[PDB]
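For reference, the structure is listed below as structure tokens.
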Amino acid sequence: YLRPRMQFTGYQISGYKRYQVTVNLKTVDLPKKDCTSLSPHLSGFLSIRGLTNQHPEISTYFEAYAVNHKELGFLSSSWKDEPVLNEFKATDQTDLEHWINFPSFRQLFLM
Amino acid sequence: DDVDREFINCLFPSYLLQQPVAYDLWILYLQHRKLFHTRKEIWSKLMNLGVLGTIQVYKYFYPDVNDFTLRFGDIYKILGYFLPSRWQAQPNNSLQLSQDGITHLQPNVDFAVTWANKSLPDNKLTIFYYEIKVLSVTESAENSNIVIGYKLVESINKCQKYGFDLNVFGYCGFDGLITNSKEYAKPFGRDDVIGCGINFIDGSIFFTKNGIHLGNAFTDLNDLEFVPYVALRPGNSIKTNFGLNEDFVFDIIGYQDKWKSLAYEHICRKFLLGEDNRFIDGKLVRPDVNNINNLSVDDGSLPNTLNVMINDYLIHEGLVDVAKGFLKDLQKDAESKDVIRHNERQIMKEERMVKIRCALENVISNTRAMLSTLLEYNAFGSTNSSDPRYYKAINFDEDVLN
């Protein structure tokens, strides 16, 4: 489901309003056992359009990095200090909260 | 003989044996020479006494030359060592050190700080160098909470809290930035050999990373005493090499050879001295001049004085025929006439004295003595106290006489 030409559709709850979100992938480049390169793992176009209101469509080009537990860990402290990777880092506490919200994260860490 | 040479190369670091500090190491070895007294037998004897064994085994490389041509074709406490050799154990029991004190060092958030066994004398050596290797990391892979360097010997709680103080000249691994700074280097992580060295010629502290010279961090640090120093947060450990056990990574020998060649390039590229003219009332008085010795090759005074000394030495040793041959050769080559007449008078006087029935060695001995006197009294370079001191790079007996 992460092929180059693959489309995803859904919503997004911002504030209290709902928007329709479409994602079109462009390039998928997922690494393996060794990875010390900062080339983006995923790339695509994300478009957000109004559903409750008459908000116009805003479409953007985005890039993405996966989490492999060798170099790019769950917390933004194992991520290296680079100018391209410094926009993915917030705080270890914020990362722990936003990851503990998901049940698969918990089922991963309790096995 | 060769056995003493093999033992002294197997006991002491190799780069230290090519400096003018090697005289003290030779004296130290010869004082305790009864303990020790084709290199496989010497290495086996040194391992039986114990220089090649711990617990990690101290291996040694021995080639096979006959097979190659066939198929194809604490003792350092006993001796009196005065240079750093181990880390010092803190009395508060905040560190874990091995039996030898170099193989492992792990803290037991505040930094755990420690220094080395002994301090570095300012007026005795030319270049000092030692390495560490990070064994484990407690963040990112290439980010370690280790500060390594040198410390001025005349705040410890400040060193434990922050990592360093105003008297620490060192390299920090958590940000890749020197203590009292600047874009100098990058942080080091696991399995990284970081070396620290001090140069007493120009007086600068440099650091190396995995065999690459990273440049001079601090400058103008002469006439001072330093001690190796390390600060570690709990979680990461280092292995220290002072050069006694294993071989370095850097190639510090090439650094020393380059500086010695520079010093040699800088230095080397009437006819009777008479009595000392500055003895009045039994004391030395300073003349108000720029130099006391005004001999040069370009004026011919230095070869004339050398020829006079050579003739006097040859006559004094009972080699009158060789002196006659030298005088004949000097006649064949031709203020040289005055030298010819003086030499001829000397052979005539010697022949008269022999019929009725030195200065060179003084020059050699005084050259060695004034080199050592320059070394031990901390003389300035040329005019200022910031110029390089080239006399620290000269081993007179190993580089000139032999």
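All residue names refer to the structure tokens as shown: chains lettered A, B, ... in order, residues numbered from 1 in each chain, ligands numbered from 1 in order.
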
How close does each residue of range 317-394 of chain B get to range 202-220 of chain B, giving the shortest atom pair and distance in Å to one decimal for every residue with an atom at most 10 Å away, counting only C-alpha atoms, sorted by chain and residue number, as JSON lines?
{"residue": "B:381", "atom": "CA", "partner": "B:202", "partner_atom": "CA", "distance": 9.0}
{"residue": "B:385", "atom": "CA", "partner": "B:220", "partner_atom": "CA", "distance": 8.6}
{"residue": "B:386", "atom": "CA", "partner": "B:220", "partner_atom": "CA", "distance": 6.3}
{"residue": "B:387", "atom": "CA", "partner": "B:202", "partner_atom": "CA", "distance": 6.5}
{"residue": "B:388", "atom": "CA", "partner": "B:202", "partner_atom": "CA", "distance": 4.3}
{"residue": "B:389", "atom": "CA", "partner": "B:202", "partner_atom": "CA", "distance": 6.6}
{"residue": "B:390", "atom": "CA", "partner": "B:202", "partner_atom": "CA", "distance": 8.8}

Mind dumping a table of every chain A residue within 12 Å of chain B, with the nearest atom pair and its distance in Å to one decimal, using only C-alpha atoms, sorted by chain and rising number, as a tab-separated table?
residue	atom	partner	partner_atom	distance
A:36	CA	B:141	CA	11.6
A:70	CA	B:141	CA	9.7
A:71	CA	B:140	CA	8.2
A:72	CA	B:140	CA	9.3
A:73	CA	B:140	CA	9.3
A:74	CA	B:139	CA	11.5
A:75	CA	B:139	CA	9.1
A:76	CA	B:139	CA	8.8
A:77	CA	B:139	CA	5.2
A:78	CA	B:140	CA	4.1
A:79	CA	B:140	CA	6.5
A:80	CA	B:140	CA	6.5
A:81	CA	B:140	CA	8.9
A:92	CA	B:139	CA	10.6

(request) Give me, please, the distance in Å between CA of residue 271 in chain B and CA of residue 348 in chain B, quoted to one decimal. (result) 19.2 Å

(message) DSSP on the backbone: which residues in range 248-351 of chain B end up as strand (DSSP E or B)? Give the answer as a PyMOL selection string.
(response) chain B and resi 279-280+283-284

Export of prior selection with C-alpha atoms as a PDB file, in the first residue's frame:
ATOM      1  CA  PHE B 279      86.808  37.911  33.483  1.00  0.00           C
ATOM      2  CA  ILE B 280      87.354  41.014  35.619  1.00  0.00           C
ATOM      3  CA  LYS B 283      83.439  37.406  37.875  1.00  0.00           C
ATOM      4  CA  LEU B 284      81.658  37.317  34.524  1.00  0.00           C
TER       5      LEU B 284
END

(request) Just give me the gap between CA of residue 170 in chain B and CA of residue 21 in chain B in Å, one decimal is fine. (result)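 Between CA of residue 170 in chain B and CA of residue 21 in chain B the gap works out to 25.3 Å.
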
(request) Using only C-alpha atoms, determine which residues lie at most 8 Å from residue 48 in chain A, disregarding the query and same-chain residues fewer than 6 positions distant; provide the list as a list in words. (result)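 Returned residues: residues 19, 20, 21, 22, 57, 58 and 59 of chain A.
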
Could you take the residues named above and write them with C-alpha atoms, as a compact mmCIF listing (two decimals), in the first residue's frame?
# COMPACT_ATOMS: atom_id res chain seq x y z
CA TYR A 19 -11.89 18.71 6.35
CA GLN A 20 -11.38 16.22 3.52
CA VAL A 21 -7.77 15.12 3.02
CA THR A 22 -6.34 13.44 -0.09
CA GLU A 57 -8.29 23.64 -1.25
CA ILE A 58 -4.71 23.91 0.02
CA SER A 59 -2.35 21.36 -1.53

(request) Tell me, as a VMD selection string, which residues lie within 8 Å of range 356-371 of chain B, counting only C-alpha atoms; anything in the same chain fewer than 3 positions away does not count. (result) chain B and resid 309 to 310 312 to 313 316 352 to 353 374 to 375 391 396

(message) Taking the DSSP secondary structure from the backbone, can you list the residues of range 44-276 of chain B that are alpha helix (DSSP H), as a ChimeraX atom specification?
(response) /B:44-49,65-71,75-79,156-162,252-268

Write a file of the just-selected residues containing C-alpha atoms, as a PDB file, in the first residue's frame.
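Contents of the output file again23.pdb:
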ATOM      1  CA  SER B  44      59.829 -13.667  26.405  1.00  0.00           C
ATOM      2  CA  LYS B  45      62.054 -12.582  29.308  1.00  0.00           C
ATOM      3  CA  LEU B  46      60.221  -9.247  29.524  1.00  0.00           C
ATOM      4  CA  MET B  47      56.908 -11.136  29.553  1.00  0.00           C
ATOM      5  CA  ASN B  48      58.190 -13.456  32.294  1.00  0.00           C
ATOM      6  CA  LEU B  49      59.039 -10.360  34.323  1.00  0.00           C
ATOM      7  CA  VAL B  65      60.964 -14.532   7.260  1.00  0.00           C
ATOM      8  CA  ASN B  66      62.246 -18.053   6.509  1.00  0.00           C
ATOM      9  CA  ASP B  67      58.772 -19.321   5.595  1.00  0.00           C
ATOM     10  CA  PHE B  68      58.207 -16.238   3.414  1.00  0.00           C
ATOM     11  CA  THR B  69      61.448 -16.878   1.522  1.00  0.00           C
ATOM     12  CA  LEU B  70      60.553 -20.583   1.335  1.00  0.00           C
ATOM     13  CA  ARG B  71      57.111 -20.345  -0.283  1.00  0.00           C
ATOM     14  CA  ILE B  75      58.019  -2.170  36.976  1.00  0.00           C
ATOM     15  CA  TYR B  76      57.402   1.499  36.104  1.00  0.00           C
ATOM     16  CA  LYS B  77      57.028   2.186  39.831  1.00  0.00           C
ATOM     17  CA  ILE B  78      60.327   0.404  40.542  1.00  0.00           C
ATOM     18  CA  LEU B  79      62.278   2.216  37.806  1.00  0.00           C
ATOM     19  CA  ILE B 156      36.559  20.662  41.485  1.00  0.00           C
ATOM     20  CA  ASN B 157      32.841  20.914  42.283  1.00  0.00           C
ATOM     21  CA  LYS B 158      32.514  23.249  39.290  1.00  0.00           C
ATOM     22  CA  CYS B 159      34.224  20.577  37.180  1.00  0.00           C
ATOM     23  CA  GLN B 160      31.821  17.939  38.513  1.00  0.00           C
ATOM     24  CA  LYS B 161      28.746  20.085  37.844  1.00  0.00           C
ATOM     25  CA  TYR B 162      29.582  21.679  34.476  1.00  0.00           C
ATOM     26  CA  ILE B 252      53.186  11.202  16.064  1.00  0.00           C
ATOM     27  CA  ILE B 253      56.701  10.148  14.957  1.00  0.00           C
ATOM     28  CA  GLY B 254      56.174  11.878  11.605  1.00  0.00           C
ATOM     29  CA  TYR B 255      55.046  15.036  13.416  1.00  0.00           C
ATOM     30  CA  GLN B 256      58.210  14.986  15.529  1.00  0.00           C
ATOM     31  CA  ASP B 257      60.403  14.317  12.473  1.00  0.00           C
ATOM     32  CA  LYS B 258      58.876  17.277  10.616  1.00  0.00           C
ATOM     33  CA  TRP B 259      59.500  19.630  13.541  1.00  0.00           C
ATOM     34  CA  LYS B 260      63.062  18.343  14.043  1.00  0.00           C
ATOM     35  CA  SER B 261      63.840  18.827  10.343  1.00  0.00           C
ATOM     36  CA  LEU B 262      62.425  22.366  10.491  1.00  0.00           C
ATOM     37  CA  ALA B 263      64.647  23.182  13.481  1.00  0.00           C
ATOM     38  CA  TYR B 264      67.721  21.708  11.774  1.00  0.00           C
ATOM     39  CA  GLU B 265      67.007  23.719   8.614  1.00  0.00           C
ATOM     40  CA  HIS B 266      66.621  26.916  10.644  1.00  0.00           C
ATOM     41  CA  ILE B 267      69.876  26.422  12.558  1.00  0.00           C
ATOM     42  CA  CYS B 268      72.240  24.817  10.032  1.00  0.00           C
TER      43      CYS B 268
END

(request) Tell me which protein, DNA and RNA residues are within 7 Å of range 26-33 of chain A, counting only C-alpha atoms, leaving out same-chain ones fewer than 3 positions away, and put them as a ChimeraX atom specification. (result) /A:2-5,41-44

So that I have them on file, write out the residues from the current selection with N, CA, C and O atoms, as a short mmCIF file (atom, residue, chain, number, x, y, z; two decimals), in the first residue's frame.
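Result written to selection34.cif:
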data_model
loop_
_atom_site.label_atom_id
_atom_site.label_comp_id
_atom_site.auth_asym_id
_atom_site.auth_seq_id
_atom_site.Cartn_x
_atom_site.Cartn_y
_atom_site.Cartn_z
N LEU A 2 2.16 1.14 -0.04
CA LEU A 2 3.04 2.28 -0.20
C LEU A 2 3.75 2.18 -1.54
O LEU A 2 4.97 2.32 -1.62
N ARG A 3 2.99 1.87 -2.59
CA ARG A 3 3.51 1.93 -3.94
C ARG A 3 3.65 3.39 -4.36
O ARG A 3 3.09 4.28 -3.71
N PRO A 4 4.43 3.67 -5.42
CA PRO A 4 4.50 5.04 -5.95
C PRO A 4 3.16 5.67 -6.31
O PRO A 4 2.85 6.74 -5.80
N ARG A 5 2.35 5.04 -7.16
CA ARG A 5 1.05 5.62 -7.52
C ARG A 5 -0.02 4.97 -6.64
O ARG A 5 -0.59 3.93 -6.98
N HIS A 41 12.39 9.05 2.81
CA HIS A 41 11.87 7.71 2.60
C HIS A 41 10.56 7.73 1.82
O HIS A 41 10.29 6.80 1.04
N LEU A 42 9.74 8.76 2.01
CA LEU A 42 8.44 8.85 1.35
C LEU A 42 8.25 10.27 0.86
O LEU A 42 8.81 11.21 1.42
N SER A 43 7.45 10.42 -0.19
CA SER A 43 7.20 11.74 -0.77
C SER A 43 5.83 11.75 -1.42
O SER A 43 5.38 10.74 -1.97
N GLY A 44 5.16 12.89 -1.36
CA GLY A 44 3.83 12.94 -1.95
C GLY A 44 3.21 14.32 -1.89
O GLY A 44 3.83 15.29 -1.47
#

(message) As an exercise, work out the distance from CA of residue 51 in chain A to CA of residue 24 in chain A in Å and give it to one decimal place.
(response)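 One can read the CA of residue 51 in chain A to CA of residue 24 in chain A distance as 19.1 Å.
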